[PDB]
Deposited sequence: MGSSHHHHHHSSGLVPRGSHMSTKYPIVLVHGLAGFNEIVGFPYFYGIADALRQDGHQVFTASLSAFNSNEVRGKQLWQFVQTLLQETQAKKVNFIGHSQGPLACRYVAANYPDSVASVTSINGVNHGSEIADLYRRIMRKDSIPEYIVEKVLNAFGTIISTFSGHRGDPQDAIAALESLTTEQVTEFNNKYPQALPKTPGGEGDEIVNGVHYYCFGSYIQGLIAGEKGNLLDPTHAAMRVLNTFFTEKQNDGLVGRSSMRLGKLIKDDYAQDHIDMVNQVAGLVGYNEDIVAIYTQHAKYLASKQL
């Protein structure tokens, strides 16, 4: 139904193999039921945004050859949107749209803290343990069974590193903190979705059986930005035209994880399928 194929983009190349199901849980399946052509680009987590960007460009080149489409519609999460922005900035004629879903568009405060912990920069022990136990719980839930090894993925998501990325690829970033960027830059459409953790944990419905959610709530308390999804602050997610960012969902919830266990009986998959129809309505 969309003119151009949809490319789902995320970091963690080994996710599907190690976890046993897709990063975007049930989302590609749902989009294909609505007649969209869908592909997933799983990029290398333990490296720079620019390296993921180059990875994604190679993926897109091969895909465009195989489809004879002239452009792609990117839908990225977390690391994904930065790689998408790299490709859009550098190869705008090959990108119809960039949609950012809880993208780390201006850095992650927990990544910042993680680096301070790793550098032993005067972080009190009780905070060190809370942060490391949270990440361990998240990793173990997905993998099945160390938490300091996660810095490999967060290294490229610090405020300092993303600020440097934004300096090189400023397209569609908001001019004011917590605002919106230009919808169309260099012929490419930019959209953003977001969320932040809300309410007391008792009312989270499906998430009560998801061990990652309590961990995200722990990480959430260490942000100076009070509205955050446990990994990124609400304002940091902003890119291009806002669609909606007040979902009561953590970072992991917004890709329908773990295995469909989300907050408040929200239909996360519907966020994606409705947006795909929205892209189609914009002649994309």
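Colleague: Which ranges of the deposited chain go unmodelled, in order along the sequence?
Modeller: Going by the record, the segments left unmodelled (no C-alpha atoms) fall at 1-21, 167-168.
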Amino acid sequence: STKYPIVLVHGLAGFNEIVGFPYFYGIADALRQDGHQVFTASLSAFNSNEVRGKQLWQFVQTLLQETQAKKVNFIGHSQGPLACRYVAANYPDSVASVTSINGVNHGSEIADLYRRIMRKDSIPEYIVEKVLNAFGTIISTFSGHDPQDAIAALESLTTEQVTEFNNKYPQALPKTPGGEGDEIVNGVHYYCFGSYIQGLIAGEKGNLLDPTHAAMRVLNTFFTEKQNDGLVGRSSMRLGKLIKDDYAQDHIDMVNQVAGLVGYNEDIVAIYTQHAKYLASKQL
From here on, numbers count along this sequence of modelled residues.
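Colleague: Averaging only over Cα atoms, indicate whether 74-82 or 118-126 has the higher B-factor in the PDB entry.
Modeller: Stretch with the higher mean C-alpha B-factor: 118-126.
Colleague: Going by the average Cα B-factor in the PDB entry, point out whether 129-137 or 104-112 comes out higher.
Modeller: Averaging CA B-factors over each stretch, the winner is 129-137.
Colleague: Going by the CA temperature factor in the entry, name the top one among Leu208, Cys192, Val188, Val87.
Modeller: Among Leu208, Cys192, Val188, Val87, the PDB entry lists the largest C-alpha B-factor for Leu208.
Colleague: Which third, lowest, middle or highest, does the C-alpha temperature factor of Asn49 belong to within its own chain?
Modeller: For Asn49, the deposited C-alpha B-factor lands in the lowest third.
Colleague: Please rank the C-alpha B-factors of the chain's modelled residues and tell me whether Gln65 sits in the lowest, middle or highest third.
Modeller: Ranked within chain, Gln65 CA B lands in the middle tercile.
Colleague: Report the third (lowest, middle or highest) to which the CA temperature factor of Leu279 belongs, ranking only the modelled residues of the same chain.
Modeller: Tercile = middle for this residue's CA B-factor.
Colleague: Based on the deposited C-alpha B factors for this chain, I'd like to know if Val9 is in the lowest, middle or highest third.
Modeller: Lowest third, going by the recorded CA B-factors of the chain.
Colleague: Consider only the C-alpha atoms of the modelled residues in this chain, order them by B-factor as the entry records it, and name the third containing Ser143: lowest, middle or highest.
Modeller: Ranked within chain, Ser143 CA B lands in the highest tercile.
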